[PDB]
């Protein structure tokens, strides 16, 4: 029972942290565990998040340090069938999840980085075959 409670408690913390960043601008390669930062290249002069950076920030609240890169996140935790998705699960885009990543919020909502950190409907186009549970 404590397992379930800890999972639920962790999930709530991570969602709260992610949601607190709504509106922060996209920055190519920006951000990480400690919050938004300048990125590189096109993002060198912009403080913000890319998808990977935002996930690292949000999940750090549950005492988890996620790998850098969506492609590396796709290779940790438990692979989940999308039909069995729960809030807190990670959704991936591109071949082997290397293009991007977002956090499922339940009811076909996800926290993603668009032009800014935002809550969006789930996008199925280009979605990787599995989701990932780390909590």
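Positions refer to the first chain, counted from 1.
Q: Read off the CA B-factors in the entry, average them over 71-79 and over 50-58, and name the higher stretch.
A: Stretch with the higher mean C-alpha B-factor: 71-79.
Q: Check the entry's C-alpha temperature factors for 34-42 and 96-104, then say which stretch has the higher mean.
A: The recorded data point to 34-42.
(Q) Looking at 90, 110, 64, 29, which one carries the largest C-alpha B-factor according to the PDB entry? (A) Largest recorded C-alpha B-factor: 64.
Q: Using the B-factors in the PDB entry, rank residue 10's C-alpha atom against the chain and give the third, lowest, middle or highest.
A: Answer is highest: the recorded C-alpha B-factor places it there.
Q.
Is residue 119 in the lowest, middle or highest third of its chain when residues are ranked by C-alpha B-factor?
A. For residue 119, the deposited C-alpha B-factor lands in the lowest third.
Q: Rank-wise, by C-alpha B-factor, drop residue 18 into the lowest, middle or highest third of its chain.
A: Lowest third.
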